[PDB]
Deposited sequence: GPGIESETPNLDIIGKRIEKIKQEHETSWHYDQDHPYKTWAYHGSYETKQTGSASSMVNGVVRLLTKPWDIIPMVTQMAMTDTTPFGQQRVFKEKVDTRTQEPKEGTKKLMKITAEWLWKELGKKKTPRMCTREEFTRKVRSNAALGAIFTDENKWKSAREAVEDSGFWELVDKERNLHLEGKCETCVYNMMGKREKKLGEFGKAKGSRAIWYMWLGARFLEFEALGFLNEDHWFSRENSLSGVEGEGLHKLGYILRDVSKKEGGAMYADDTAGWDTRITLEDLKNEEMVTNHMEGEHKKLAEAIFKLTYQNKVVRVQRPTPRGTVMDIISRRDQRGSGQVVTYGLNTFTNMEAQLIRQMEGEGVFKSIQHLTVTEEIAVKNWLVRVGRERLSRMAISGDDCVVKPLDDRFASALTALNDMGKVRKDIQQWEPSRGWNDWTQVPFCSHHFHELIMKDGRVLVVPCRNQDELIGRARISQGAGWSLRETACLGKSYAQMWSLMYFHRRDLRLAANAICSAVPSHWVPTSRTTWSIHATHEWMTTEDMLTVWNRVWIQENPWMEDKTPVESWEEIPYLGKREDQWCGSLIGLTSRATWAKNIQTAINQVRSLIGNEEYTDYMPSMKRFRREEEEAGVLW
């Protein structure tokens, strides 16, 4: 308690000595409260006019238009301590999983150099407004690094002064850049060196890309076993126990020198003890602490979520296979059975899973998995939208399985080759493309964001008739040489000025390990769509009068946007589709 977080508390207390009160009508039950001080401020979703003007039929579809308008009583809940058999199952499994992830990887510090390059090409690292404006400025100034150095030597001493969270089913915890560097220096290796790649971790998909996830699910489908299970957890980040955070910290056992001490300090001082500053309307800043739940950078969060999800799902598999009999207590021969299962079949069992952070698909040995719920519930990984002891509903067809907000279609090209393509409800795709985040967008920047969506659609969703047509219209309405942009950057092969047919060929043919024949495609008309009825099922407007008028008059919509942007160089991409090819 206060010995580890006090220094951090004491510091904030002083900087607002003119305000510090122990407010008595404070909400917190599960968060420890420490005091308050005065503040006053709040970023809503702006519409991308370039995409909206070229998607007129969707102006009257509430599922699209409502997306652009507009649970902190789940962050204030508590998770019971797992039983002794559960804690033992997790410790054995975690120990074994780090060893296997570590067999072909070397833990190592990430550097100021690596950190700087990242800031100067815009990843959502999560810093704050103050002393320097943007992160881009602080990185170049030696002052910052002296701040970073003071804290760094403090961490080597087992103490912390400035590593404090800022709160804001979502709750994103920004830290100041300095503390972000210290987290990256010690744990960035997990992402930077691809510890959760499929090749390295067998269950993971880190770095895979949407054009790969469908093929991966189809490979899992080829295994002998039962249904495919894809149970979502209710508020995964809020269900991370202190026992979870202690099995995650066992990565430090693989480390040495400085690194081991620095990683140990991140885990002890910022993860297993946390200090947060929260905005309350009634408006003050609340300085609250707690030991458990997830609160890291979004990138370290992703890797430790994948690790702990891999661990949970191996254990649920162990329960289905009857490797242990009860979570109350493991016997001595049960420990040696668990260790032996891991050594004998652990890698084969990892390969039966696709795990992206809190998101999973498992193809277990058989359907005993569906009612193997005691360890899963006792670890606190409670399933969403199903009663706690009701057996899981599995999927019989890999093409029906939800994973990473998608499902996947099998699509045969007129030449017999097989594409496995990502898909989701088309209203969700159009609704998201019509939205921009943040202020001070020029017409040119708005156009270049619309071009990023259009190029993603040509690469990932070319099989949806409305999206191929709308993608061609947007790429026709935006100047040919203007570069696609995004403000929060998987693979992103659509972010380029290269010809989209050439990028399609590289992604889907040349570099696709599931495609044996490397014959390039010479036009978009060789590239197939879903069946007309399947396209409607997945939200296509084909068949509606609104959509026919839109398609027929598309050059008038393109010309409206060209007139707004002004006399620039434009390409007509509509003749890439047969109906506009005369």
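- Missing from the model, by position in the deposited sequence, are residues 1-9, 52-53, 82-91, 151-153, 193-207, 322-324, 532-535, 629-637.
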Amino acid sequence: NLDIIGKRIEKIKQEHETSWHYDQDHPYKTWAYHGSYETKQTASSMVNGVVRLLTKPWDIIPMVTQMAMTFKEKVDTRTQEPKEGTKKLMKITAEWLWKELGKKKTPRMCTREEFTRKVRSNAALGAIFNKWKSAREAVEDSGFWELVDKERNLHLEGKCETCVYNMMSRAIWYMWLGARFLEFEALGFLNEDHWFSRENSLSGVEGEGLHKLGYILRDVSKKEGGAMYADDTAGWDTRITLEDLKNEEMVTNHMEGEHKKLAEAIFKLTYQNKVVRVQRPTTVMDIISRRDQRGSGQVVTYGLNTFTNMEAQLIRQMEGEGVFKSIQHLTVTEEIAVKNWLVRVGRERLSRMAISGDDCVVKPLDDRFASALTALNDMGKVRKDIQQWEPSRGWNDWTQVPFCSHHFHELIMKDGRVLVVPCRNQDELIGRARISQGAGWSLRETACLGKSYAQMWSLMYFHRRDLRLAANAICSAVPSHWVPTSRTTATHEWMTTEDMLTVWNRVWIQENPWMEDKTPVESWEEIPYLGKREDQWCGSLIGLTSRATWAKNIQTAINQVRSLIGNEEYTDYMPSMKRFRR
From here on, numbers count along this sequence of modelled residues.
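Here, rigid core means the biggest group of C-alpha atoms that superpose within 1.5 Å across both forms.
- Once the structures in 9 other deposited structures of this protein are superposed via the core, the pair 454-462 and 378-386 is resolved in favour of 454-462 as the more displaced stretch (C-alpha RMS).
- Greater C-alpha displacement in 9 other deposited structures of this protein (rigid core superposition, RMS over structures and residues), of 410-418 versus 231-239: 410-418.
- In the other compared entries of this protein that model both flanking residues, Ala470 has coordinates in every one, well short of a third left out.
- In the comparison with other entries of the same protein, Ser44 is given coordinates in all of those covering both sides of it, so it never reaches the one-third threshold.
- According to the PDB record, 117-125 carries the higher mean C-alpha B-factor of the two stretches 117-125 and 211-219.
- Comparing 374-382 with 353-361, the higher mean C-alpha B-factor in the PDB entry belongs to 374-382.
- Ranking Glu348, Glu95, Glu334, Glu445 by Cα temperature factor from the entry places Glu334 first.
- The maximum CA B-factor among the listed residues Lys532, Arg52, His34, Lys552, taken from the PDB record, is found at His34.
- When all modelled residues of the chain are sorted by CA temperature factor, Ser169 is found within the highest third.
- The PDB entry assigns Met574 a C-alpha temperature factor belonging to the middle third of its chain's modelled residues.
- Ranked by C-alpha B-factor against the other modelled residues of its chain, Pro513 falls in the middle third.
- Residue-level temperature factors show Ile542 in the lowest third of its chain, judged at the C-alpha atom.
- Sorting the modelled residues of the chain by their CA temperature factor places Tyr28 in the highest third.
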